[PDB]
Each structure stands twice: as structure tokens, then as C-alpha cells.
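Next up, upload12.cif (mmCIF, C-alpha atoms):
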```cif
data_work
loop_
_atom_site.group_PDB
_atom_site.id
_atom_site.type_symbol
_atom_site.label_atom_id
_atom_site.label_comp_id
_atom_site.auth_asym_id
_atom_site.auth_seq_id
_atom_site.Cartn_x
_atom_site.Cartn_y
_atom_site.Cartn_z
ATOM 1 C CA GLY A 3 17.654 26.090 -12.641
ATOM 2 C CA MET A 4 17.881 24.400 -9.248
ATOM 3 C CA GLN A 5 18.293 20.908 -7.803
ATOM 4 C CA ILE A 6 15.832 19.257 -5.390
ATOM 5 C CA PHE A 7 15.487 15.760 -3.971
ATOM 6 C CA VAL A 8 12.483 13.426 -4.008
ATOM 7 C CA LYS A 9 12.529 10.528 -1.527
ATOM 8 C CA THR A 10 10.190 7.515 -1.640
ATOM 9 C CA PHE A 11 8.930 5.313 1.151
ATOM 10 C CA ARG A 12 8.920 1.548 1.377
ATOM 11 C CA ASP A 13 6.202 0.122 -0.890
ATOM 12 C CA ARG A 14 5.632 -3.558 -0.149
ATOM 13 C CA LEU A 15 3.122 -4.373 -2.918
ATOM 14 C CA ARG A 16 5.606 -3.127 -5.399
ATOM 15 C CA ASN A 17 9.028 -4.192 -4.181
ATOM 16 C CA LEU A 18 10.573 -0.828 -3.626
ATOM 17 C CA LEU A 19 12.841 0.323 -0.809
ATOM 18 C CA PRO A 20 13.082 3.993 0.168
ATOM 19 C CA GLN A 21 15.486 5.898 -2.044
ATOM 20 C CA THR A 22 16.229 9.465 -3.067
ATOM 21 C CA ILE A 23 16.453 10.852 -6.616
ATOM 22 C CA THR A 24 17.472 14.273 -7.927
ATOM 23 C CA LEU A 25 15.505 16.618 -10.185
ATOM 24 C CA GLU A 26 16.432 19.776 -12.077
ATOM 25 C CA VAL A 27 13.585 22.245 -11.562
ATOM 26 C CA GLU A 28 12.796 25.936 -11.669
ATOM 27 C CA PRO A 29 11.025 27.847 -8.874
ATOM 28 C CA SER A 30 8.389 28.831 -11.446
ATOM 29 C CA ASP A 31 7.757 25.153 -12.190
ATOM 30 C CA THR A 32 4.346 23.672 -11.466
ATOM 31 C CA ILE A 33 3.746 20.484 -9.505
ATOM 32 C CA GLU A 34 2.353 19.069 -12.752
ATOM 33 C CA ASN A 35 5.727 19.711 -14.423
ATOM 34 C CA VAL A 36 7.652 18.072 -11.572
ATOM 35 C CA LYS A 37 5.455 14.987 -11.719
ATOM 36 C CA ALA A 38 6.078 14.912 -15.471
ATOM 37 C CA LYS A 39 9.814 15.037 -14.766
ATOM 38 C CA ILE A 40 9.417 12.202 -12.268
ATOM 39 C CA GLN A 41 7.679 10.120 -14.931
ATOM 40 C CA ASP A 42 10.503 11.092 -17.278
ATOM 41 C CA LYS A 43 13.077 9.659 -14.851
ATOM 42 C CA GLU A 44 11.427 6.583 -13.305
ATOM 43 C CA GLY A 45 8.341 5.892 -15.431
ATOM 44 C CA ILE A 46 5.628 6.620 -12.825
ATOM 45 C CA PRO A 47 2.592 8.387 -14.344
ATOM 46 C CA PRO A 48 1.366 11.398 -12.324
ATOM 47 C CA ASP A 49 -1.975 9.746 -11.507
ATOM 48 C CA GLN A 50 0.028 7.454 -9.178
ATOM 49 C CA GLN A 51 2.195 10.099 -7.479
ATOM 50 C CA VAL A 52 1.425 12.074 -4.347
ATOM 51 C CA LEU A 53 4.170 14.490 -3.349
ATOM 52 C CA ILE A 54 4.487 15.981 0.124
ATOM 53 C CA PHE A 55 6.633 18.782 1.508
ATOM 54 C CA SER A 56 6.307 20.324 4.981
ATOM 55 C CA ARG A 57 3.281 18.097 5.699
ATOM 56 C CA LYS A 58 1.312 19.714 2.857
ATOM 57 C CA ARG A 59 0.084 17.683 -0.107
ATOM 58 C CA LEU A 60 1.301 19.570 -3.176
ATOM 59 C CA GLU A 61 -1.576 20.467 -5.512
ATOM 60 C CA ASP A 62 -1.122 19.996 -9.237
ATOM 61 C CA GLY A 63 -1.961 23.467 -10.568
ATOM 62 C CA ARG A 64 0.431 25.348 -8.263
ATOM 63 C CA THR A 65 4.157 26.186 -8.210
ATOM 64 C CA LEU A 66 7.131 25.338 -6.009
ATOM 65 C CA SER A 67 7.553 28.991 -5.010
ATOM 66 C CA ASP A 68 3.997 28.888 -3.629
ATOM 67 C CA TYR A 69 5.186 26.261 -1.121
ATOM 68 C CA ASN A 70 8.589 27.963 -0.641
ATOM 69 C CA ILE A 71 10.467 24.976 -2.008
ATOM 70 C CA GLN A 72 14.099 26.102 -2.262
ATOM 71 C CA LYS A 73 17.443 24.589 -3.253
ATOM 72 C CA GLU A 74 18.267 21.133 -1.839
ATOM 73 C CA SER A 75 14.892 20.779 -0.164
ATOM 74 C CA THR A 76 13.430 17.277 -0.146
ATOM 75 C CA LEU A 77 9.957 16.260 -1.238
ATOM 76 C CA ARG A 78 8.667 12.848 -0.166
ATOM 77 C CA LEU A 79 6.533 10.786 -2.531
ATOM 78 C CA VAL A 80 4.011 7.998 -1.917
ATOM 79 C CA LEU A 81 3.048 5.702 -4.796
ATOM 80 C CA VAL A 82 -0.673 4.965 -5.277
ATOM 81 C CA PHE A 83 -2.701 2.950 -7.776
ATOM 82 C CA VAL B 7 -9.043 -8.380 -12.266
ATOM 83 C CA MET B 8 -8.218 -5.211 -10.317
ATOM 84 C CA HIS B 9 -4.529 -4.454 -9.612
ATOM 85 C CA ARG B 10 -1.716 -6.917 -10.282
ATOM 86 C CA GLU B 11 0.577 -6.176 -7.323
ATOM 87 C CA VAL B 12 -2.292 -6.731 -4.886
ATOM 88 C CA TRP B 13 -3.090 -10.194 -6.234
ATOM 89 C CA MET B 14 0.517 -11.438 -6.244
ATOM 90 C CA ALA B 15 0.711 -10.707 -2.524
ATOM 91 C CA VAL B 16 -2.266 -13.005 -1.920
ATOM 92 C CA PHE B 17 -1.073 -15.583 -4.459
ATOM 93 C CA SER B 18 2.197 -15.847 -2.510
ATOM 94 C CA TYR B 19 0.237 -17.448 0.362
ATOM 95 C CA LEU B 20 -1.042 -20.307 -1.825
ATOM 96 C CA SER B 21 0.375 -23.805 -2.135
ATOM 97 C CA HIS B 22 1.197 -25.323 -5.511
ATOM 98 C CA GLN B 23 -2.165 -27.115 -5.444
ATOM 99 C CA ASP B 24 -3.956 -23.894 -4.456
ATOM 100 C CA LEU B 25 -2.140 -22.041 -7.241
ATOM 101 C CA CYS B 26 -3.196 -24.890 -9.549
ATOM 102 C CA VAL B 27 -6.826 -23.760 -9.380
ATOM 103 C CA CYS B 28 -6.269 -20.026 -10.048
ATOM 104 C CA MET B 29 -4.972 -20.146 -13.631
ATOM 105 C CA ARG B 30 -8.427 -21.253 -14.839
ATOM 106 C CA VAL B 31 -10.296 -18.364 -13.165
ATOM 107 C CA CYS B 32 -9.571 -15.742 -15.840
ATOM 108 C CA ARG B 33 -7.151 -14.962 -18.652
ATOM 109 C CA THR B 34 -5.312 -12.231 -16.739
ATOM 110 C CA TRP B 35 -4.879 -14.507 -13.713
ATOM 111 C CA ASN B 36 -3.363 -17.228 -15.901
ATOM 112 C CA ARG B 37 -0.765 -14.767 -17.189
ATOM 113 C CA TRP B 38 -0.078 -13.470 -13.672
ATOM 114 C CA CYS B 39 0.477 -16.963 -12.247
ATOM 115 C CA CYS B 40 3.259 -17.902 -14.700
ATOM 116 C CA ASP B 41 5.773 -15.981 -12.559
ATOM 117 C CA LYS B 42 8.373 -18.493 -11.379
ATOM 118 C CA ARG B 43 8.835 -16.687 -8.073
ATOM 119 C CA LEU B 44 5.379 -17.805 -6.952
ATOM 120 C CA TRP B 45 6.241 -21.496 -7.078
ATOM 121 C CA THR B 46 9.561 -20.727 -5.263
ATOM 122 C CA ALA C 2 -2.273 12.978 29.004
ATOM 123 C CA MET C 3 -0.383 11.601 26.008
ATOM 124 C CA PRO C 4 1.942 12.902 23.286
ATOM 125 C CA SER C 5 -0.161 13.012 20.145
ATOM 126 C CA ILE C 6 0.040 13.482 16.383
ATOM 127 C CA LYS C 7 -2.645 14.725 13.988
ATOM 128 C CA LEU C 8 -3.558 12.803 10.834
ATOM 129 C CA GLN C 9 -5.605 14.174 7.941
ATOM 130 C CA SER C 10 -7.577 11.683 5.867
ATOM 131 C CA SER C 11 -7.708 12.093 2.109
ATOM 132 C CA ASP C 12 -11.295 13.426 2.278
ATOM 133 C CA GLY C 13 -10.037 15.956 4.813
ATOM 134 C CA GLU C 14 -10.895 14.770 8.292
ATOM 135 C CA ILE C 15 -8.535 15.289 11.226
ATOM 136 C CA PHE C 16 -7.757 12.400 13.577
ATOM 137 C CA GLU C 17 -5.677 12.920 16.709
ATOM 138 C CA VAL C 18 -3.763 9.810 17.730
ATOM 139 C CA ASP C 19 -1.210 8.644 20.267
ATOM 140 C CA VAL C 20 2.390 8.684 19.059
ATOM 141 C CA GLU C 21 2.826 4.992 19.846
ATOM 142 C CA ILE C 22 -0.292 4.037 17.901
ATOM 143 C CA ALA C 23 0.624 6.183 14.896
ATOM 144 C CA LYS C 24 4.232 5.012 14.752
ATOM 145 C CA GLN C 25 3.000 1.534 13.828
ATOM 146 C CA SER C 26 2.783 3.131 10.358
ATOM 147 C CA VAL C 27 6.393 3.213 9.228
ATOM 148 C CA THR C 28 5.529 5.868 6.639
ATOM 149 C CA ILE C 29 3.987 8.040 9.353
ATOM 150 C CA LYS C 30 6.808 7.284 11.770
ATOM 151 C CA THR C 31 9.451 8.092 9.126
ATOM 152 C CA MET C 32 8.118 11.474 8.067
ATOM 153 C CA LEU C 33 8.186 12.535 11.740
ATOM 154 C CA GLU C 34 11.916 11.776 12.141
ATOM 155 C CA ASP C 35 13.386 14.156 9.524
ATOM 156 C CA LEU C 36 12.730 17.495 11.283
ATOM 157 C CA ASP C 44 2.356 20.757 15.006
ATOM 158 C CA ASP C 45 0.539 20.522 11.650
ATOM 159 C CA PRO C 46 -1.479 17.435 10.644
ATOM 160 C CA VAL C 47 0.163 14.708 8.558
ATOM 161 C CA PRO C 48 -1.534 14.176 5.161
ATOM 162 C CA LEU C 49 -2.235 10.521 4.356
ATOM 163 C CA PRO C 50 -2.346 9.514 0.663
ATOM 164 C CA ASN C 51 -5.621 7.981 -0.582
ATOM 165 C CA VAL C 52 -6.668 6.848 2.899
ATOM 166 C CA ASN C 53 -10.164 8.160 3.506
ATOM 167 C CA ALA C 54 -11.787 8.672 6.901
ATOM 168 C CA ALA C 55 -13.726 5.389 6.879
ATOM 169 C CA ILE C 56 -10.649 3.274 6.106
ATOM 170 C CA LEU C 57 -8.415 5.310 8.417
ATOM 171 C CA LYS C 58 -10.942 4.652 11.197
ATOM 172 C CA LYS C 59 -10.482 0.907 10.668
ATOM 173 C CA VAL C 60 -6.700 1.341 10.528
ATOM 174 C CA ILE C 61 -6.630 3.211 13.857
ATOM 175 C CA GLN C 62 -8.595 0.347 15.437
ATOM 176 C CA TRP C 63 -6.086 -2.240 14.242
ATOM 177 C CA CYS C 64 -3.075 -0.179 15.364
ATOM 178 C CA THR C 65 -4.255 0.401 18.944
ATOM 179 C CA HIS C 66 -4.695 -3.355 19.318
ATOM 180 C CA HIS C 67 -1.171 -3.996 17.994
ATOM 181 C CA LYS C 68 0.545 -0.986 19.574
ATOM 182 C CA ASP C 69 3.022 -3.109 21.554
ATOM 183 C CA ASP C 70 4.164 -5.001 18.466
ATOM 184 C CA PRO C 71 7.905 -4.579 17.766
ATOM 185 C CA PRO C 72 9.219 -3.145 14.495
ATOM 186 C CA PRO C 73 8.506 -5.896 11.968
ATOM 187 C CA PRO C 74 11.220 -8.162 10.512
ATOM 188 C CA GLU C 75 11.606 -9.290 6.902
ATOM 189 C CA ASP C 76 9.982 -12.489 5.666
ATOM 190 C CA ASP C 77 11.732 -15.857 5.255
ATOM 191 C CA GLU C 81 7.487 -20.308 3.760
ATOM 192 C CA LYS C 82 4.308 -18.241 4.132
ATOM 193 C CA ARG C 83 1.415 -19.839 6.049
ATOM 194 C CA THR C 84 -2.214 -18.753 6.524
ATOM 195 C CA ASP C 85 -3.617 -20.814 9.432
ATOM 196 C CA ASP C 86 -2.079 -18.328 11.902
ATOM 197 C CA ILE C 87 -4.426 -15.321 11.832
ATOM 198 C CA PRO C 88 -5.128 -14.342 15.467
ATOM 199 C CA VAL C 89 -8.756 -14.529 16.580
ATOM 200 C CA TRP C 90 -9.104 -10.767 17.042
ATOM 201 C CA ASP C 91 -7.967 -10.089 13.472
ATOM 202 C CA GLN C 92 -10.415 -12.525 11.873
ATOM 203 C CA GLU C 93 -13.297 -10.850 13.708
ATOM 204 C CA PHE C 94 -11.889 -7.416 12.881
ATOM 205 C CA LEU C 95 -11.785 -8.311 9.165
ATOM 206 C CA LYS C 96 -15.303 -9.787 9.068
ATOM 207 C CA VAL C 97 -15.894 -6.830 6.764
ATOM 208 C CA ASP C 98 -17.377 -6.175 3.347
ATOM 209 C CA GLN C 99 -14.941 -7.134 0.653
ATOM 210 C CA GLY C 100 -14.427 -3.676 -0.832
ATOM 211 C CA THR C 101 -13.058 -2.302 2.431
ATOM 212 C CA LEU C 102 -10.882 -5.411 2.744
ATOM 213 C CA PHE C 103 -9.051 -4.448 -0.445
ATOM 214 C CA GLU C 104 -9.124 -0.789 0.565
ATOM 215 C CA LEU C 105 -7.347 -2.025 3.722
ATOM 216 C CA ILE C 106 -4.675 -3.870 1.723
ATOM 217 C CA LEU C 107 -3.968 -0.620 -0.125
ATOM 218 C CA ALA C 108 -3.944 1.448 3.067
ATOM 219 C CA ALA C 109 -1.562 -0.961 4.815
ATOM 220 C CA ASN C 110 0.717 -0.677 1.785
ATOM 221 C CA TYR C 111 0.594 3.139 1.579
ATOM 222 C CA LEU C 112 1.316 3.572 5.295
ATOM 223 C CA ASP C 113 3.657 0.563 5.528
ATOM 224 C CA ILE C 114 1.916 -1.395 8.258
ATOM 225 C CA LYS C 115 3.360 -4.849 7.639
ATOM 226 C CA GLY C 116 1.215 -6.614 10.220
ATOM 227 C CA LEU C 117 -2.069 -5.493 8.670
ATOM 228 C CA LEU C 118 -0.897 -6.053 5.100
ATOM 229 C CA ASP C 119 -0.106 -9.656 6.091
ATOM 230 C CA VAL C 120 -3.410 -10.623 7.766
ATOM 231 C CA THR C 121 -5.553 -8.973 5.075
ATOM 232 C CA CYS C 122 -3.727 -10.686 2.219
ATOM 233 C CA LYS C 123 -3.924 -13.989 4.116
ATOM 234 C CA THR C 124 -7.650 -13.408 4.657
ATOM 235 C CA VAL C 125 -8.301 -13.082 0.925
ATOM 236 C CA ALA C 126 -6.126 -16.153 0.331
ATOM 237 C CA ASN C 127 -8.341 -18.184 2.668
ATOM 238 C CA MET C 128 -11.265 -17.075 0.497
ATOM 239 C CA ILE C 129 -9.436 -18.795 -2.379
ATOM 240 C CA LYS C 130 -7.935 -21.877 -0.690
ATOM 241 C CA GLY C 131 -10.058 -24.866 -1.726
ATOM 242 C CA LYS C 132 -12.634 -23.241 -4.018
ATOM 243 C CA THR C 133 -12.808 -23.792 -7.798
ATOM 244 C CA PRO C 134 -12.742 -21.270 -10.705
ATOM 245 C CA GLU C 135 -16.526 -20.978 -10.846
ATOM 246 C CA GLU C 136 -16.889 -20.665 -7.074
ATOM 247 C CA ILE C 137 -14.011 -18.163 -7.013
ATOM 248 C CA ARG C 138 -15.331 -16.059 -9.901
ATOM 249 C CA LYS C 139 -18.664 -15.514 -8.135
ATOM 250 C CA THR C 140 -16.941 -14.209 -4.982
ATOM 251 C CA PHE C 141 -15.024 -11.361 -6.649
ATOM 252 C CA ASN C 142 -17.385 -11.021 -9.679
ATOM 253 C CA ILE C 143 -14.691 -11.817 -12.243
ATOM 254 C CA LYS C 144 -15.980 -13.046 -15.600
ATOM 255 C CA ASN C 145 -14.604 -16.221 -17.183
ATOM 256 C CA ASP C 146 -12.713 -15.125 -20.300
ATOM 257 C CA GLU C 149 -14.712 -23.551 -23.434
ATOM 258 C CA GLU C 150 -11.920 -24.411 -25.864
ATOM 259 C CA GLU C 151 -9.440 -22.105 -24.112
ATOM 260 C CA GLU C 152 -10.079 -23.523 -20.625
ATOM 261 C CA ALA C 153 -9.537 -27.150 -21.675
ATOM 262 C CA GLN C 154 -5.976 -26.368 -22.799
ATOM 263 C CA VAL C 155 -4.912 -24.980 -19.410
ATOM 264 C CA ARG C 156 -6.888 -27.657 -17.556
ATOM 265 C CA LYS C 157 -4.793 -30.322 -19.288
ATOM 266 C CA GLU C 158 -1.420 -28.575 -18.955
ATOM 267 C CA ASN C 159 -1.804 -27.955 -15.209
ATOM 268 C CA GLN C 160 -3.136 -31.400 -14.319
ATOM 269 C CA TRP C 161 0.184 -33.145 -13.665
ATOM 270 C CA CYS C 162 1.681 -30.202 -11.771
ATOM 271 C CA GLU C 163 -0.946 -29.883 -9.035
#
```

As C-alpha cells - that is how I would like this structure written.
Amino acid sequence: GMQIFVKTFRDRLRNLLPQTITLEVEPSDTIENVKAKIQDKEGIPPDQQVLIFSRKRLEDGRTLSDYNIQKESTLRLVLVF
Amino acid sequence: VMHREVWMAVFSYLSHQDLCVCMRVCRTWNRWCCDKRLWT
Amino acid sequence: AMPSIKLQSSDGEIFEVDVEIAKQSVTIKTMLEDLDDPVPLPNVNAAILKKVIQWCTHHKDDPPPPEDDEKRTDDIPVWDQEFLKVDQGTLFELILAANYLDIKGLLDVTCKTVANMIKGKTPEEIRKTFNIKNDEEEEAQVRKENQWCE
């Protein structure tokens, strides 16, 4: 178990300011799992989440270790429709 | 139809008389236009 | 020459852009200020990104935008009405793209543009423009209730 941060941008059509949340993840965990945990915490279904780390869009079927996502790293997340 | 957050952005540029016309366009628009923040 | 950044559209095409043009997108400008590779853009395809790059070079000297407020619509500059003389699908695709990349100036004109396509028309004339079906006894109830208001 490890802790990582996900930070949003400003979304004007929603009324959301940028903010950072925390997740409890495992290096084994898939991007699908992490999106499921994000829905668990803020109610956003995965079909509306795009996560980005190190200017790479994270693909659903893959793991955090495949992108070398380590402790206290920060993913950014854009909300789509 | 379409997405709700898109249409409220455009609705926020409409006067009370302009907004008066849009709640007869469709059922979902009528529900969307009963938000008190549009008539601010 | 010019300092430049690389953008990748959602369908996968690379665009190389001036820093000052790209930083009009607060999302793009923000993810460059935390720490060579191209910046992925979420659900912005090449065709819409092409339009967005046009708008941003025209507005490159615009300051960082301030918060609103009172919203008018007669104030769309001439260049932006000609630029948005576009088919209506891409107009909405441009509202979404301005939202996703946080370009306040383009989100404002596009939403105002659609609002001018509503201002003055009636439910039948409006329904035909965005092909929305009318969902006779129901309509008369709302027609009466919203007569005194406006």
C-alpha cells in the first residue's frame, strides 16, 4: 500500500477549481482500479476521467509500475463528458 | 438535449424574456431552466 | 526562432506551437509549470485543435483572464463571429475544447454565439435548429405559468 495524489484542473462548465485528493493504491494496481477508486471518492465514472502522468495518457489496461508511478507522485486529471 | 452543463453556460447569457421562451422547447429544458441562479 | 511546445491531439497528431500561443490554454500552461515530450490533450482531436490554434494566435496578447461579475452578448468582436461561422457540431466541439483546455475567451464567445441563435426565436424555430423533438396538453400548462413572468 502506497499514497499518491491526483490533481484536477479548472473546469468552467462544471464549477470546479483545481484541487488535489489522495488515494491509497498498490504498484500492481491497474489504471482501471485507480479510476474506480476515484469514482469511489468523488463520484466521477471512469468514462469521464483522463489521467496524465509525465505527459503520458495512462491507458486503462495497464499498471502504475508500468509508468513508474511511485510514492507521493502526482497524477493530473481532466474531466470529460 | 445533449449535455446539461453546456446548456446552462449559454442560458446564462439570456434575459428573463429570452429565458421565457426556452422552457417550452423540450421537457428537459424546462427542468433545467428552473434553477434560480439563472434568473439571478 | 521561437521557444516551442508540442501538443498531441486525441487522434494522435503532433502540433508544434509557440509557447505564448499555447499558454493561452491555462490547462496547458499549468502542466508546464510543475517540473521535451508532447503534451497529450484530452478529447481534442486534430480538426478541433486546428481551430483552437487559430483562435489562440489571434488572441495571443490577451492578458490572463479575470473572473466574471451581468453577461451581455452584443460584444462579440468581428473576427470571432467570422471565425465561428462554422457548422454547428464543431461549435459545440469548440465549447468542450475551450472547457477542457481552460481557454476562457473562447468558451465565452462560443457560448454567446449559440445564445444569439436562441435570442428572439420561438420553441418551434429553436427546435428545428438543434433538431430537438417537442416532448399539446403539457405545453399549455407551462405557456400559462410563464406568461406573467416574461

Specify as a ChimeraX atom specification each residue included when the PyMOL selection byres ((chain B) within 10 of (chain A)) is applied to this file. /B:9-15

Report, in Å to a single decimal, how far apart atom CA of residue 76 of chain A and atom CA of residue 53 of chain A are.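 One can read the atom CA of residue 53 of chain A to atom CA of residue 76 of chain A distance as 10.2 Å.
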
Distance cut-off 7 Å, counting all atoms listed in the file - which residues of chain A neighbour chain C? Return them as a PyMOL selection string. chain A and resi 11-15+52+57-59+80

What residues come out when you apply the PyMOL selection byres ((chain C) within 8 of (chain B)) to this file, written as an NGL selection string? :C and (82-84 or 106-107 or 122-123 or 125-126 or 129-135 or 137-138 or 143-146 or 152 or 155-156 or 159 or 162-163)

Atom CA of residue 3 of chain C to atom CA of residue 16 of chain C, distance in Å rounded to a single decimal: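 If I compute the distance from atom CA of residue 3 of chain C to atom CA of residue 16 of chain C, I get 14.5 Å.
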
Check what the PyMOL selection byres ((chain A and resi 42-49) around 10) selects in the file above and give those residues as a list in words. residues 23, 24, 25, 33, 34, 35, 36, 37, 38, 39, 40, 41, 50, 51, 52, 53, 62, 81, 82 and 83 of chain A

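If you count all atoms listed in the file and ignore residues fewer than 6 places along the chain from segment 53-55 of chain C, what sits within 7 Å of it is residues 10, 11, 12 and 14 of chain C.
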
Around the point (12.4, 7.0, -1.8), in the coordinates given by the file, pick out the residues reaching within 6 Å, counting only C-alpha atoms, and return them as a list in words.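 Counting only C-alpha atoms, I find these residues within 6 Å of (12.4, 7.0, -1.8): residues 9, 10, 11, 20, 21 and 22 of chain A.
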
Rounded to one decimal place, report the atom CA of residue 26 of chain C-atom CA of residue 124 of chain C distance in Å.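 Distance reported for this atom pair: 20.4 Å.
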
All residues 12 Å or closer to residue 68 of chain A, only C-alpha atoms, same chain fewer than 4 positions away omitted, as JSON, numbers by chain: {"A": [29, 30, 31, 32, 33, 55, 58, 60, 61, 62, 63, 64, 72]}

Spatial neighbours of residue 99 of chain C, 10 Å, all atoms listed in the file, chain gap at least 5 places, as a VMD selection string: chain C and resid 104 to 105 125 140 to 141

Considering all atoms listed in the file, return as number ranges by chain whatever protein or nucleic-acid residues lie within 10 Å of residue 4 of chain C, sequence-local ones (same chain, fewer than 4 positions apart) excluded. C: 18-21

From the coordinates I just gave you, please extract segment 48-67 of chain C so that only N, CA, C and O atoms remain, then output it as an mmCIF file, in the first residue's frame.
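Generated file (out_16.cif):
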```cif
data_model
loop_
_atom_site.group_PDB
_atom_site.id
_atom_site.type_symbol
_atom_site.label_atom_id
_atom_site.label_comp_id
_atom_site.auth_asym_id
_atom_site.auth_seq_id
_atom_site.Cartn_x
_atom_site.Cartn_y
_atom_site.Cartn_z
ATOM 1 N N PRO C 48 -0.173 15.538 -24.082
ATOM 2 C CA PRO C 48 -1.463 14.973 -24.509
ATOM 3 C C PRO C 48 -2.615 15.910 -24.166
ATOM 4 O O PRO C 48 -2.657 16.499 -23.084
ATOM 5 N N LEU C 49 -3.551 16.054 -25.112
ATOM 6 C CA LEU C 49 -4.746 16.863 -24.900
ATOM 7 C C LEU C 49 -5.994 15.994 -24.904
ATOM 8 O O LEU C 49 -6.244 15.266 -25.876
ATOM 9 N N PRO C 50 -6.819 16.088 -23.858
ATOM 10 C CA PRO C 50 -7.933 15.147 -23.652
ATOM 11 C C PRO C 50 -9.125 15.455 -24.547
ATOM 12 O O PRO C 50 -9.684 16.552 -24.495
ATOM 13 N N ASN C 51 -9.538 14.458 -25.341
ATOM 14 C CA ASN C 51 -10.675 14.558 -26.253
ATOM 15 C C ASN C 51 -10.701 15.859 -27.041
ATOM 16 O O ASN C 51 -11.767 16.462 -27.214
ATOM 17 N N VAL C 52 -9.541 16.285 -27.533
ATOM 18 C CA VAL C 52 -9.428 17.352 -28.519
ATOM 19 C C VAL C 52 -8.780 16.741 -29.752
ATOM 20 O O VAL C 52 -7.576 16.465 -29.752
ATOM 21 N N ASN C 53 -9.567 16.514 -30.800
ATOM 22 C CA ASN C 53 -8.998 15.887 -31.980
ATOM 23 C C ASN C 53 -8.223 16.918 -32.803
ATOM 24 O O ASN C 53 -8.133 18.102 -32.457
ATOM 25 N N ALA C 54 -7.627 16.443 -33.898
ATOM 26 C CA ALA C 54 -6.799 17.302 -34.735
ATOM 27 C C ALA C 54 -7.616 18.417 -35.375
ATOM 28 O O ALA C 54 -7.175 19.572 -35.414
ATOM 29 N N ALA C 55 -8.804 18.091 -35.896
ATOM 30 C CA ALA C 55 -9.617 19.108 -36.561
ATOM 31 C C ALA C 55 -10.013 20.231 -35.599
ATOM 32 O O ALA C 55 -9.913 21.416 -35.942
ATOM 33 N N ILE C 56 -10.432 19.887 -34.381
ATOM 34 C CA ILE C 56 -10.829 20.926 -33.435
ATOM 35 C C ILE C 56 -9.601 21.655 -32.902
ATOM 36 O O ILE C 56 -9.616 22.881 -32.727
ATOM 37 N N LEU C 57 -8.516 20.921 -32.646
ATOM 38 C CA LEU C 57 -7.293 21.574 -32.191
ATOM 39 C C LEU C 57 -6.780 22.567 -33.226
ATOM 40 O O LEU C 57 -6.262 23.634 -32.871
ATOM 41 N N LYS C 58 -6.942 22.247 -34.515
ATOM 42 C CA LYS C 58 -6.557 23.182 -35.570
ATOM 43 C C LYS C 58 -7.315 24.495 -35.437
ATOM 44 O O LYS C 58 -6.713 25.575 -35.490
ATOM 45 N N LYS C 59 -8.638 24.417 -35.236
ATOM 46 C CA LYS C 59 -9.422 25.623 -34.984
ATOM 47 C C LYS C 59 -8.927 26.344 -33.737
ATOM 48 O O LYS C 59 -8.757 27.570 -33.745
ATOM 49 N N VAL C 60 -8.668 25.598 -32.663
ATOM 50 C CA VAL C 60 -8.242 26.226 -31.411
ATOM 51 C C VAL C 60 -6.928 26.977 -31.604
ATOM 52 O O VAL C 60 -6.766 28.101 -31.104
ATOM 53 N N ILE C 61 -5.969 26.380 -32.332
ATOM 54 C CA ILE C 61 -4.700 27.082 -32.555
ATOM 55 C C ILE C 61 -4.913 28.371 -33.351
ATOM 56 O O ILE C 61 -4.223 29.372 -33.120
ATOM 57 N N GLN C 62 -5.865 28.383 -34.286
ATOM 58 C CA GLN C 62 -6.167 29.626 -34.991
ATOM 59 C C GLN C 62 -6.635 30.705 -34.020
ATOM 60 O O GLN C 62 -6.116 31.831 -34.017
ATOM 61 N N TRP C 63 -7.587 30.363 -33.157
ATOM 62 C CA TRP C 63 -8.136 31.354 -32.243
ATOM 63 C C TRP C 63 -7.058 31.889 -31.303
ATOM 64 O O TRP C 63 -6.982 33.101 -31.062
ATOM 65 N N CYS C 64 -6.174 31.009 -30.819
ATOM 66 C CA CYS C 64 -5.174 31.417 -29.837
ATOM 67 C C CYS C 64 -4.079 32.303 -30.430
ATOM 68 O O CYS C 64 -3.552 33.170 -29.723
ATOM 69 N N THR C 65 -3.687 32.102 -31.694
ATOM 70 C CA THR C 65 -2.691 33.022 -32.247
ATOM 71 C C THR C 65 -3.280 34.415 -32.402
ATOM 72 O O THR C 65 -2.570 35.410 -32.225
ATOM 73 N N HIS C 66 -4.569 34.508 -32.727
ATOM 74 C CA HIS C 66 -5.195 35.821 -32.830
ATOM 75 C C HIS C 66 -5.252 36.519 -31.474
ATOM 76 O O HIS C 66 -5.086 37.742 -31.396
ATOM 77 N N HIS C 67 -5.461 35.764 -30.396
ATOM 78 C CA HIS C 67 -5.623 36.349 -29.073
ATOM 79 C C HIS C 67 -4.375 36.220 -28.207
ATOM 80 O O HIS C 67 -4.474 36.317 -26.979
#
```
